[PDB]
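Input: a single structure, listed below in structure tokens.
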Amino acid sequence: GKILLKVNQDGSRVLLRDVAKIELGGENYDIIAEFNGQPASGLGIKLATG
Amino acid sequence: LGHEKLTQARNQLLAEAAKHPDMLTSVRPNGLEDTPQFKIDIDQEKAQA
């Protein structure tokens with residue numbers, strides 16, 4: 001957030017947090033999983049050829 | 001946990017280890033001890049200007 005994009009005319013700074021929510025979040029929001037209707041995650045495994 | 005915390009853990013175990021000479025000799029760390037280093041941090045703003 002504290003990243004510096006530009007410095008302004010009145011002298012104030014343009015921080016990245018000024019022009020962006022900055023949050024921790026998924027690389028993708030493609031998969032949403034659920035065990036018995038409850039919040040979940042998992043990894044399915046695919047046995048290697050042979 | 002991070003380096004520091006592990007380094008503690010390690011010492012705990014390593015100290016607790018070396019107080020049973022009855023059974024366990026030369027319990028040592030195989031790696032290296034932390035050391036000093038000279039960090040040349042840049043002021044971003046400053047460079048911009």
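Chains: A, B, ... in order of the structure tokens. Residues: from 1 per chain. Ligands: from 1, in order shown.
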
Next item on the list: For chain B, report every residue with an atom at most 9 Å from chain A (counting only C-alpha atoms), formatted as a ChimeraX atom specification.
Entry: /B:44-45,48-49

Margin query: With only C-alpha atoms as the counted atoms, please give the residues lying no more than 10 Å from residue A:23, apart from itself and same-chain residues fewer than 3 positions off, as a ChimeraX atom specification.
Written below: /A:1,20,26

File dump, residues just selected, N, CA, C and O atoms, as a short mmCIF file (atom, residue, chain, number, x, y, z; two decimals), in the first residue's frame:
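What follows is the written file part.cif:
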data_model
loop_
_atom_site.label_atom_id
_atom_site.label_comp_id
_atom_site.auth_asym_id
_atom_site.auth_seq_id
_atom_site.Cartn_x
_atom_site.Cartn_y
_atom_site.Cartn_z
N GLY A 1 0.84 -1.21 0.00
CA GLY A 1 0.00 0.00 0.00
C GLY A 1 0.86 1.25 0.00
O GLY A 1 0.63 2.19 -0.75
N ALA A 20 -6.31 1.84 -5.28
CA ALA A 20 -6.43 0.36 -5.25
C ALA A 20 -6.78 -0.20 -3.87
O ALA A 20 -6.22 0.23 -2.86
N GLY A 26 -7.01 -14.84 -3.84
CA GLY A 26 -6.66 -15.98 -4.69
C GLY A 26 -6.11 -15.56 -6.03
O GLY A 26 -6.59 -14.58 -6.60
#

Which parts of chain B does DSSP call helix (DSSP H, G or I) when run on the backbone here, written out as a short mmCIF file (atom, residue, chain, number, x, y, z; two decimals) with N, CA and C atoms, in the first residue's frame?
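Result written to out_6.cif:
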data_model
loop_
_atom_site.label_atom_id
_atom_site.label_comp_id
_atom_site.auth_asym_id
_atom_site.auth_seq_id
_atom_site.Cartn_x
_atom_site.Cartn_y
_atom_site.Cartn_z
N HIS B 3 13.00 -17.53 10.21
CA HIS B 3 14.36 -17.90 10.60
C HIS B 3 14.57 -17.82 12.10
N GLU B 4 14.31 -16.63 12.68
CA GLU B 4 14.61 -16.33 14.08
C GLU B 4 13.97 -17.35 14.97
N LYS B 5 12.68 -17.51 14.79
CA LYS B 5 11.99 -18.43 15.62
C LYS B 5 12.58 -19.85 15.49
N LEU B 6 13.00 -20.24 14.30
CA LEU B 6 13.55 -21.59 14.15
C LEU B 6 14.89 -21.65 14.86
N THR B 7 15.58 -20.52 14.89
CA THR B 7 16.95 -20.50 15.32
C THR B 7 16.90 -20.75 16.79
N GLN B 8 15.96 -20.09 17.47
CA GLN B 8 15.59 -20.38 18.89
C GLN B 8 15.26 -21.86 19.15
N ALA B 9 14.14 -22.30 18.61
CA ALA B 9 13.81 -23.71 18.60
C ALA B 9 15.07 -24.54 18.55
N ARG B 10 15.93 -24.26 17.58
CA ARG B 10 17.09 -25.10 17.34
C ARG B 10 17.91 -25.16 18.60
N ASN B 11 18.10 -23.99 19.20
CA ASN B 11 18.98 -23.80 20.34
C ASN B 11 18.40 -24.46 21.56
N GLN B 12 17.14 -24.16 21.83
CA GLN B 12 16.39 -24.93 22.80
C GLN B 12 16.85 -26.39 22.64
N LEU B 13 16.44 -27.03 21.56
CA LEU B 13 16.72 -28.46 21.39
C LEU B 13 18.19 -28.80 21.53
N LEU B 14 19.02 -27.90 21.05
CA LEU B 14 20.43 -28.15 21.01
C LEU B 14 21.02 -28.00 22.44
N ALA B 15 20.48 -27.05 23.22
CA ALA B 15 20.87 -26.87 24.63
C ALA B 15 20.35 -28.02 25.48
N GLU B 16 19.05 -28.26 25.40
CA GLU B 16 18.43 -29.40 26.05
C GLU B 16 19.12 -30.71 25.66
N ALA B 17 19.69 -30.76 24.46
CA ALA B 17 20.35 -31.98 23.99
C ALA B 17 21.66 -32.17 24.72
N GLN B 44 12.91 5.85 -1.93
CA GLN B 44 12.23 5.87 -3.24
C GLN B 44 11.86 7.29 -3.68
N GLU B 45 10.98 7.92 -2.89
CA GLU B 45 10.67 9.35 -3.02
C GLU B 45 11.88 10.18 -3.49
N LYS B 46 12.93 10.16 -2.66
CA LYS B 46 14.18 10.87 -2.91
C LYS B 46 14.65 10.66 -4.34
N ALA B 47 14.81 9.41 -4.74
CA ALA B 47 15.28 9.10 -6.09
C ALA B 47 14.39 9.73 -7.18
N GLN B 48 13.06 9.63 -6.99
CA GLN B 48 12.07 10.24 -7.89
C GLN B 48 12.45 11.71 -8.12
#

Check: What is the distance, in Å and to one decimal place, between atom CA of residue A:31 and atom CA of residue A:48?
Finding: 23.2 Å

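The space between atom CA of residue A:29 and atom CA of residue A:47 spans 25.9 Å.
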
Next item on the list: Please indicate the distance in Å from atom CA of residue A:30 to atom CA of residue A:42, rounded to one decimal place.
Entry: 13.9 Å

Item checked: DSSP strand (DSSP E or B) selection over chain A, as an MDAnalysis selection string -> chainID A and resid 4:7 13:15 33:35 38:40

For the selection just defined, write its residues with N, CA, C and O atoms to a file, as a tab-separated table (two decimals), in the first residue's frame.
chain	number	residue	atom	x	y	z
A	4	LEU	N	4.95	4.18	-3.80
A	4	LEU	CA	4.92	5.57	-4.21
A	4	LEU	C	4.76	5.66	-5.73
A	4	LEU	O	5.64	5.22	-6.44
A	5	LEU	N	3.64	6.20	-6.22
A	5	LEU	CA	3.41	6.24	-7.68
A	5	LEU	C	3.89	7.55	-8.27
A	5	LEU	O	4.65	7.56	-9.24
A	6	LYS	N	3.41	8.64	-7.69
A	6	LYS	CA	3.96	9.96	-7.99
A	6	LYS	C	3.88	10.90	-6.78
A	6	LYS	O	3.16	10.64	-5.80
A	7	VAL	N	4.66	11.97	-6.86
A	7	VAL	CA	4.59	13.07	-5.91
A	7	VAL	C	3.88	14.26	-6.53
A	7	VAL	O	4.17	14.66	-7.66
A	13	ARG	N	1.77	12.83	-1.74
A	13	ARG	CA	2.29	11.67	-2.44
A	13	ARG	C	1.13	10.87	-2.97
A	13	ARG	O	0.05	10.82	-2.35
A	14	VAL	N	1.33	10.22	-4.12
A	14	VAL	CA	0.32	9.29	-4.59
A	14	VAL	C	0.75	7.87	-4.30
A	14	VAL	O	1.54	7.26	-5.04
A	15	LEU	N	0.21	7.37	-3.20
A	15	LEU	CA	0.41	6.00	-2.80
A	15	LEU	C	-0.47	4.99	-3.54
A	15	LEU	O	-1.62	5.28	-3.90
A	33	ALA	N	-15.24	-24.64	-3.53
A	33	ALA	CA	-15.61	-25.98	-3.11
A	33	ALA	C	-16.46	-26.00	-1.83
A	33	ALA	O	-16.61	-24.97	-1.16
A	34	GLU	N	-17.02	-27.16	-1.51
A	34	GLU	CA	-17.93	-27.32	-0.36
A	34	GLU	C	-18.07	-28.77	0.04
A	34	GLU	O	-18.51	-29.61	-0.75
A	35	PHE	N	-17.67	-29.08	1.27
A	35	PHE	CA	-17.96	-30.40	1.85
A	35	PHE	C	-19.25	-30.30	2.62
A	35	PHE	O	-19.40	-29.40	3.44
A	38	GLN	N	-20.88	-27.15	3.80
A	38	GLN	CA	-19.93	-26.37	4.59
A	38	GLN	C	-18.70	-25.92	3.76
A	38	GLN	O	-18.24	-26.67	2.90
A	39	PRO	N	-18.19	-24.69	3.98
A	39	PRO	CA	-16.92	-24.17	3.50
A	39	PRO	C	-15.75	-25.14	3.47
A	39	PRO	O	-15.37	-25.67	4.51
A	40	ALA	N	-15.18	-25.37	2.28
A	40	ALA	CA	-14.07	-26.33	2.15
A	40	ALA	C	-13.03	-26.08	1.03
A	40	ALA	O	-13.17	-25.22	0.15
